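Just one chain is shown here, as structure tokens, and it is the form deposited in one PDB entry.
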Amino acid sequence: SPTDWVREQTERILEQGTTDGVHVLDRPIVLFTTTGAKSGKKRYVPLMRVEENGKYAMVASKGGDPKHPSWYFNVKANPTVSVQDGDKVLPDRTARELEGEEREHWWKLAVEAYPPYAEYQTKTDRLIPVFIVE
């Protein structure tokens, strides 16, 4: 049926906005994939896009709540993380928690991409962890 003709093109288009077949990503958001340290099962983590020179940053805030995000500890145990950015995939990259100068450099990039990150920081004594991937 021509009813299905158009249904079938509608989905066809929805598919072309995926690199895996499930996740449709647009700026200003990217998708990080993290792998359960014990079972190996993939969890998916959408975060603000913070990018430089092909590397990305994972800001480990929880929307101003001072608790760590639920992925923080896992990504530390299992640093292997994949990135989706629109129609591009960087598979099996490595997360690395930043410190000192380098952390600050990427924290300025993060505040440039999502200013209210600095308002998150104002709500806790603890420095908000930032991961570089690669």
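Only residues modelled in both forms are compared. One rule holds for the numbers: they count along the sequence shown, beginning at 1. For clarity, a rigid core is taken as the largest C-alpha set superposing within 1.5 Å between two forms.
Heads up, the form deposited in another entry isn't pictured, but that's what we're talking about next.
Comparing the two forms between the shown form and the other one on the rigid core, the single residue of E11, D125, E112, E119 with a CA shift of 2 Å or greater is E11. In a rigid-core overlay of the protein, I29 has its C-alpha displaced by under 2 Å between the shown form and the other one.
Taking the rigid core as fixed, one finds a CA shift for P91 smaller than 2 Å between the shown form and the other one.
The two forms, fitted on the rigid core, differ between the shown form and the other one by less than 2 Å at the CA of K42. Between this form and the other one, the CA-CA gap for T19 and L31 narrows by 3 Å or more, being smaller in the other entry. With a change of no less than 3 Å, the CA-CA distance between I13 and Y44 is smaller in the other entry than in the form shown.
Comparing the conformations between the shown form and the other one, with the rigid core held fixed, yields the displaced runs 1-27, 36-40, each spanning 3+ consecutive residues whose C-alpha shift is 2 Å or more.
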